[PDB]
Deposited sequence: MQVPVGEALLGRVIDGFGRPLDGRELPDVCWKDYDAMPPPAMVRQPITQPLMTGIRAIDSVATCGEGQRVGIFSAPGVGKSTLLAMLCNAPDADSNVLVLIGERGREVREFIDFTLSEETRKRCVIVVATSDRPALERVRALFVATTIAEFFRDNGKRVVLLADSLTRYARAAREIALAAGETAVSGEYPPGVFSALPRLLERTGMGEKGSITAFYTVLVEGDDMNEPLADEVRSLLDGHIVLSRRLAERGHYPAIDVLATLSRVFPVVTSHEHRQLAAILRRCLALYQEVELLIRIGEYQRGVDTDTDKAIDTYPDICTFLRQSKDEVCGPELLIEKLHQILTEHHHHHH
């Protein structure tokens, strides 16, 4: 059984649904191919995402990263999306210290009050790690039916998959969990009086699961080890990041700005080596010249403090100031 209710907000529970917060659980209830179309933006307040890869209310999105690139801080920022009512975070297969750090020092007090956090660490049984995602999805669905815009954050599908495989290896004693992964992903999305927008993390570089998850979702955000080592945070690789609902949830003004931005990064990347070895010559190529002049402002725009939440009005204004 899964505990559901508005009173779970601000609580931390496990794969079965037992409190981990040093207190007893409150009084709460126990519980296809396409969904409704995605038509409304869900602003994250993260400028790199909202500018060129705008998410949709009810979208499912994969976050692809290597270890130690600031994925946790990105997830904490996603918890502060101005367009969401509440959050369901599910943390599967990480070590105790890492998870403890995350909840106590990375998530603020204000953010935690708006989350239900479901935790199944690596030291827990494979069955618990797998059950954690079923529980989180059911809790998110209950909020959706109460007419909330829910954000579901799942870290990670990779460790979920590892736990599911462990269960398959023990299926002999004594055996729809084995086919569950695509059905869980399809349980999120738009609904009558509500929505679930979902971010699922995938570890690289494991490799086939990433391919399976790409075929199932509506966009991908790619984190880059290179950016992270430069101290460029969130370490989002813009040119490798895509949102399938981008053309439908944005304005024309927005789309034009985003195109200038991508063009600049693409032009810059092609000439990056020439610059690094000091062989670039101005006047040569005007477009690239403009890209290079524009590049430092774009980098500043993309790098974002974990405490800064940027709404859409300000977003558009900053893009104009640097690109136009």
Gaps in the model (deposited sequence, numbered from 1): 1, 33 to 40, 185 to 191, 222 to 225, 345 to 351
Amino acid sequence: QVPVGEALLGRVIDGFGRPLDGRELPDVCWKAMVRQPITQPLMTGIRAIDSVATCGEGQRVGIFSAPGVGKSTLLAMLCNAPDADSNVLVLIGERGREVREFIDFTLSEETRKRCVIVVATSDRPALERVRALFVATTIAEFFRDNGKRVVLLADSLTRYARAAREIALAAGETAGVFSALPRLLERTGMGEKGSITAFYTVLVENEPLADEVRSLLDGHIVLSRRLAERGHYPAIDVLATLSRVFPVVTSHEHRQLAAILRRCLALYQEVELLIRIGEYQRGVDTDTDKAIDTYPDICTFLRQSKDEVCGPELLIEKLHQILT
From here on, numbers count along this sequence of modelled residues.
Comparing 49 to 57 with 285 to 293, the one whose average Cα B-factor in the PDB entry is higher: 285 to 293
Segment of higher mean CA temperature factor, 141 to 149 or 105 to 113: 141 to 149
Deposited CA B-factor, highest of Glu98, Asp237, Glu253, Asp155: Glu98
Top Cα B factor in the deposited entry, candidates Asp83, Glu166, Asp218, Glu186: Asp83
Where the record places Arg303 (Cα B-factor, split into thirds across the chain): lowest
Cα B factor band for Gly311 (lowest, middle or highest third within the chain): lowest
Relative C-alpha B-factor of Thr197, binned into the chain's lowest, middle or highest third: lowest
Chain-relative CA temperature factor third for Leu274: middle
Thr44, C-alpha B-factor rank within chain (lowest, middle or highest third): lowest
